[PDB]
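Starting off, we have a lone chain in the form deposited in one PDB entry, written out as structure tokens.
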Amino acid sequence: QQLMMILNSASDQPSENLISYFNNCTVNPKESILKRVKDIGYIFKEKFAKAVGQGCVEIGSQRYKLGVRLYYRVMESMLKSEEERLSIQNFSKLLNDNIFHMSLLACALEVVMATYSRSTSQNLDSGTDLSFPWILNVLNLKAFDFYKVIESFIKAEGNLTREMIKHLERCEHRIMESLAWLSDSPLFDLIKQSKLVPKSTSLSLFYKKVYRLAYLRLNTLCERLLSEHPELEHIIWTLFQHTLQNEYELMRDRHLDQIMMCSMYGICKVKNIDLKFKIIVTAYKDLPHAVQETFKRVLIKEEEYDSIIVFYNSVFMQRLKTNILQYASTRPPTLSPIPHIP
């Protein structure tokens, strides 16, 4: 409640302290910042009304206002954290970056929407869902660009409720597990970039997170399904990890967990160990946020969708067969480092 309290009594302007940071910029960002806030406001309000109906436009307008107040607040908190850490205070390049601002604003708004859109005024007659990632489509922001701001947003805002931190974490796993891998995602550019040269701190840090989430799920399923065969987890993890890293195309418009399950099946197959898809899939929906659609509606060719089994045999295999054979070969691939968890 406290954060909502603060935001309601806060001004619509950037504080004086915050102004000081714009002044200490080589190119003062203040103009571009306010212009952006102004422009995005028209768009947000337009999309909000479209979803909600003709009623009282004051509601949407206040949600944007609160969003912008959180935005300014967290921005100043971030600039203080960075001034304290690196004892620098000319953040001209950061404060002028369009994507930085769009991400911060997007996130601020998502907190305000999620705290308020917890109301039964929810199943809109319009048909549109205000829930994440609705905000991303409104602001026309790529899920990957949004993911980058979440960790810093949490650190910068100590008044987030446990539930809201939890919700932002869940937004982050959704970017990592599927959303950042949608067709137009700038993620693929960064990957192809890294293919030509051995240069991306953010990509490797993104990948580091993806691995933590991936292995943590692999682990859960292995301790349940493959107790009898304790050695399989590291081998399956090597296949999984190799697929994310070198057959990344398989992730396009698909889901991290689809790759996870085909890797378990695939390795058990070449190891002549009996673990059928039904057993894998059955244990899978016991996982926290698992949904049937993930194994019953998998992208195959173009607009075709089918079960994970059809995906395994008609797409996954045609692509990974040779690498899969290496695990039961005279010289098997060296095992990939297991991610650190708790």
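Each residue number is its position in the shown sequence, starting from 1. Rigid core: the largest C-alpha set superposing within 1.5 Å between the two forms.
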{"query": "Size class of the missing deposited segment between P198 and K199", "finding": "1 to 3"}
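Another form, the form solved in complex with a partner chain, is not on view; read the next lines as being about it.
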| property | result |
| --- | --- |
| Heavy atom contact within 4.5 Å of its partner chain in the deposited bound form, the stretch among 112-120, 95-103, 233-241, 217-225 | 95-103 |
| Touches its partner chain in the deposited bound form: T201 (any heavy atom, 4.5 Å) | yes |
| Partner proximity in the deposited bound form: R254 to its partner chain, non-hydrogen atom cutoff 4.5 Å | no |
| 4.5 Å heavy atom contact, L213 and its partner chain in the deposited bound form | no |
| Its partner chain contact at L205 in the deposited bound form, heavy atom, 4.5 Å | yes |
| Single option in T161, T128, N246, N90 placed near its partner chain in the deposited bound form, where near means a heavy atom within 4.5 Å | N90 |
| Heavy atom within 4.5 Å of its partner chain in the deposited bound form - the one residue of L168, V149, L179, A108 that qualifies | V149 |
| Flagged residue of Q292, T26, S307, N313 - C-alpha shift reaching 2 Å or more between the shown form and the other one, core superposed | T26 |
